[PDB]
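J.: Sharing a structure with you now.
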Amino acid sequence: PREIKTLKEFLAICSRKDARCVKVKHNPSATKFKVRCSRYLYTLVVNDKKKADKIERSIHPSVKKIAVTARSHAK
Amino acid sequence: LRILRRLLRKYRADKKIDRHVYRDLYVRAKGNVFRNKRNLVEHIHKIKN
Amino acid sequence: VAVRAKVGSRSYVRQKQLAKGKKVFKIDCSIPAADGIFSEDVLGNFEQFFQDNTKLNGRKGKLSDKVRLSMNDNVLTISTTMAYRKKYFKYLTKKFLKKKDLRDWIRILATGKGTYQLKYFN
Amino acid sequence: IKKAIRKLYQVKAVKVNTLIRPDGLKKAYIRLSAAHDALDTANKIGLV
Amino acid sequence: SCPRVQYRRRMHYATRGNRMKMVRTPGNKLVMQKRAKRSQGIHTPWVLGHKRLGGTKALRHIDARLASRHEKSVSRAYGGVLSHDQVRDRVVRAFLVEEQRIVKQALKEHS
Amino acid sequence: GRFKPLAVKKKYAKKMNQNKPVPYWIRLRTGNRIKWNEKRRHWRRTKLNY
RNA sequence: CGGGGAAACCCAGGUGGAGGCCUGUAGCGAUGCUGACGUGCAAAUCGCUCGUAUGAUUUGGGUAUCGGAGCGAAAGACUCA
RNA sequence: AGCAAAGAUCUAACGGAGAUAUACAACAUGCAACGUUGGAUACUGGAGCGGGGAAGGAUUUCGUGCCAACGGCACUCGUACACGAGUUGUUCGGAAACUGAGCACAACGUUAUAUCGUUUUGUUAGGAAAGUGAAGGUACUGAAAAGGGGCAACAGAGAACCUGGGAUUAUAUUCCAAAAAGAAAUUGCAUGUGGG
RNA sequence: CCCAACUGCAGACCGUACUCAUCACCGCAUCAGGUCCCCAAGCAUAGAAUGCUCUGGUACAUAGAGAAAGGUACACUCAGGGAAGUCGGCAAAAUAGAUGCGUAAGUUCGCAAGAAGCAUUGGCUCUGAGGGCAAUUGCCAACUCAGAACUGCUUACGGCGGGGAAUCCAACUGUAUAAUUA
RNA sequence: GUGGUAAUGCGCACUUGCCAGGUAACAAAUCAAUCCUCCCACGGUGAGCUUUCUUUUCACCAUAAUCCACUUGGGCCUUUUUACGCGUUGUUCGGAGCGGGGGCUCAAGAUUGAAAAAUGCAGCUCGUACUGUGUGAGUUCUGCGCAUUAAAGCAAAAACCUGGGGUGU
RNA sequence: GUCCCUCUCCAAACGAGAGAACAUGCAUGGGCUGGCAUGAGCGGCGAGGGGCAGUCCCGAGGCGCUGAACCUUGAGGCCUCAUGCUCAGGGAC
């Protein structure tokens, strides 16, 4: 897994061809944006709940956006 | 020894004791001269006197 | 343990002191009090039980106020400047229920971080 | 086994796990891609 | 109370290559995990004394191959082979011995 | 053990097939002799050493 | 480290952890009961007792040397009861 | 004769043909024994009647049925018997591809006869065993490299993957499929952008 | 054509069950024999000795009734005497842990030696000594040893040397007749 | 290619034409000791006990690979010169450079993040949502070798690695 | 009438024997007789010790209730000193 520091990366990576998903995890202290691309899983830690929502909109509607939640025994 | 070695390091670093008297005690602490930590200290305070 | 202990010093053992402030525990008796299995008598006995049987330093029955025991409303509260384990008040309650022999009926389980709740068995 | 499953049944097999029974016969578990339904090709043959 | 553990890699004998960690997993279970054999690291030549070099990591097979060339060596001449003292003796010998010839040769020719 | 050549594995594969009992109908062939299989086997006795 | 002596060296307290060294498990053996058993649990086993247990030690896999021959710290031992 | 080492079983309800089985009450006229579950008591006592592997075995594993024979007593149980099923790998072990004590194919020599000997002290053969190609000229020209081929390690060398699971009657670092429960490592080739 | 970070597609072969043993192997067998490796809890204790125990695993070894003689035993005891027994102290008994004092001849100076022998030991309530850290002072852990007062012994788990005076032989450790001689 | 007085730092190329050296590669005892186990401490959840006693007894309290950014032990450089001093439990060391200040590097960790709570476990609520999450005794990974008694001195090769020289020129 | 079943123990390896046959026979209890050595629980003497300011606790032992508690016929002691059980004894020659 890899870390994203600047936000000018999280725009580039999402706009790469391979990235098939962006998983968005909500934590009390921060929210994770987990970009799933082929080799690595790129994540972005915001830490400020205001800035987080605004980023979650800027993500291009092209890429899937999964809300990461607890999944029970669906299977 | 590990108790007697560390009390001499702690004095020489606090300059309660010379490098010359340190080496005079260090070698004796190995010679079973000092029966315990309180015995070492009484002998130092007796040298300063 | 630095100073070696003594027997005979087992009377009045020091207990750690909570330096920040008050700590407060609750015992919620509402459910069984409603059905009459408790009465105003047993609630007067339940508070008294802790008043008599909680042991502050080594000794029980004498609590100066570093710990205060209040029956306000139907819920028992224990406010303490001392450091107690909440586990220990779950202990005294069970030990009270076994004198009344209510213990095949009323169970206690932790509803909230500072409180226990008397209930019934399925 | 990946090729002959493309010939016979015209379905791509993403994963194959071969095995050899104690009987000498070589079983295979062919996983055919999620664009394809294996319950479809089954009734195209058998099955129940 | 000491959960007891089992080998996993198909080799059950314990030699210097099969050495095993104990591991408590997020499922809370103990596990043998194989340690990795570790190289003794880059050394000076045996004849000169076998002491290890500086600025050179202990990387092992496929660890030494995938690492950048700098972790295995040093920039001055004979980087990943000789220590600095063995370099400056071969720098000095190359010089002082070469002139002892240039002087002893001229004398013979001059004579 | 876990180890085996494949050539050896098959020889035990064949010998597992041969342990089946004699079919019921094959007793009813006209002029039949075979009743129960005389070559049957159990690992507890007469061990194949393959 | 200290004490003695002109010298040469000699005494005493610690540290250190040597040995085909001693007690003692596992291990490897197999002394005594001339014990059990002696148509057995067993075509040599069992019980307590006993030898050794940092070494000329014990042990797995592989590999080498055999029939008038092999191998033997030597007993005509052993070489698939 | 005997079936006497390893302490040991007991009770209730349910199962089962195995019963509570009778020509003027019940004991005195259906005995003993079996499985599972709950309870009780006890043993092993981490050098284990614990959990996994090699050698060896090779379906004994797993589920359903079943009691003829077999488990030297007994079974309703079984490692019996019958009928179905079960062993999933880019990374785990081997092999592809290491060398060791060693082995013996070629070669040579012996022998009436190879079914004999030599064959790692750096290495076969009186012995011409290199099929590779530096530099250069455009698939020729010839520097350089002495000592043929192979086997021998599932405990030495070497080896890129980890946990989670509701994924099972039985296999799993083997299975899981778009939120792969997921996270990585590495080999080969290939296009694209960046540089040379 | 090379290099760099990504991406795309592919990643073949064989084993994989179960067993590893008071029933799965060898010993004619589900035989008290034999058989390599890994993991290894709590308390007493010097402890992988030995005793009991939580997790795991077992109640399977043909059973029931049951006081004969005679036996076997990984079972005990005995008045008085104490080797008179017997080829012979065979077998049994005995000794025993730890701490202190003490210890002969002989000697290759290493030993002999745990020679021999004497004494102490519980329980309880205290006391002393043995340190770390932080800035003389303050706060703290983990144990061991010694001493005292009071009080008790029915000498009371398991485990654990009998010792001394001499002769013969081999210097010693070792090996050695698998199944009568170590 | 390029920085630092230096130990060495930073990420155009090709080198199995040739050569040289490394890794692979082996080693006692003492002391310290990793993962991990046990025990104690803290106290959270459930359970056991309750005539009396027990702030109680029992169970659980977990974080895999991979990839990022202070301490301990060694080798070393520069500086100031040392003939008594530094240092270990321990049989040591120094003008062939001890000790001190300041640095370079290596080994084993600690720490903060990515993975990662979305998982695991337990409890509870009317097949769902919530709640909880040590200067102790062992331990051979390691320190650790030109490394053991030794008339014992403790395998080899593939594969990889860096350099010399050269190519680029 | 004898034998079996049943109950007893002067008998007994199994047979056999002595006996009983609604019988203080059996069961339990009481009392004797005997063994051990003063139970659990509780309460105001104790080397010392800890709190709070003399008290209230910690403490092996000790003292009182306490020759107390428990055991006492069973392979099989005593006393009818009490109650309980039996309700056509069954079967075979």
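Letters for chains follow the order of the structure tokens (A, B, ...), residue numbers begin at 1 for each chain, and ligand numbers begin at 1 in the order shown.
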So which residues touch segment 52-55 of chain C within 12 Å, counting only C-alpha atoms (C1' of nucleotides), skipping near sequence neighbours fewer than 2 positions away, as a ChimeraX atom specification?

T.: /C:11-15,45-50,57-64,66-69,78,80,82,84,88-93,95-96 /J:55

J.: Determine which residues of chain E DSSP labels as strand (DSSP E or B) from the backbone of this structure, then write them out as a PyMOL selection string.

T.: chain E and resi 20-24+30-34+43+52

J.: Chain G residues within 8 Å of chain B, counting only C-alpha atoms (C1' of nucleotides): which ones, as a PyMOL selection string?

T.: chain G and resi 1+13-14

J.: Set the distance at 12 Å and use only C-alpha atoms (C1' of nucleotides): which residues neighbour residue 53 of chain A once local chain neighbours fewer than 4 positions away are removed? I'd like the list as a list in words.

T.: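 Skipping anything fewer than 4 positions along the chain leaves residues 24, 25, 26, 30, 31, 32, 33, 46, 47, 48, 49, 57, 58 and 59 of chain A.
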
J.: Excluding segment 22-27 of chain C and its own-chain neighbours fewer than 6 positions away, which residues fall within 6 Å of it when counting only C-alpha atoms (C1' of nucleotides)? Please give them as a VMD selection string.

T.: chain C and resid 75 to 81 114 to 117

J.: What are the closest atom pairs, with distances in Å to one decimal, for all residues of chain B lying within 12 Å of chain J? Consider only C-alpha atoms (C1' of nucleotides), order rows by chain and residue number, and present the result as CSV.

T.:
residue,atom,partner,partner_atom,distance
B:1,CA,J:89,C1',8.5
B:2,CA,J:89,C1',8.9
B:5,CA,J:87,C1',10.5
B:9,CA,J:87,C1',11.6
B:18,CA,J:85,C1',11.7
B:19,CA,J:85,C1',8.0
B:20,CA,J:85,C1',8.2
B:21,CA,J:85,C1',11.2
B:22,CA,J:85,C1',10.1
B:23,CA,J:85,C1',7.7
B:24,CA,J:85,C1',10.8
B:26,CA,J:87,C1',10.3
B:27,CA,J:87,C1',11.2
B:30,CA,J:89,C1',10.8

J.: Leaving out residue 39 of chain F and any residue of its chain fewer than 4 positions from it, which residues lie within 10 Å of it when counting only C-alpha atoms (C1' of nucleotides), given as a list in words?

T.: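 Counting only C-alpha atoms (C1' of nucleotides), the residues come to residues 18, 19, 20 and 21 of chain F.
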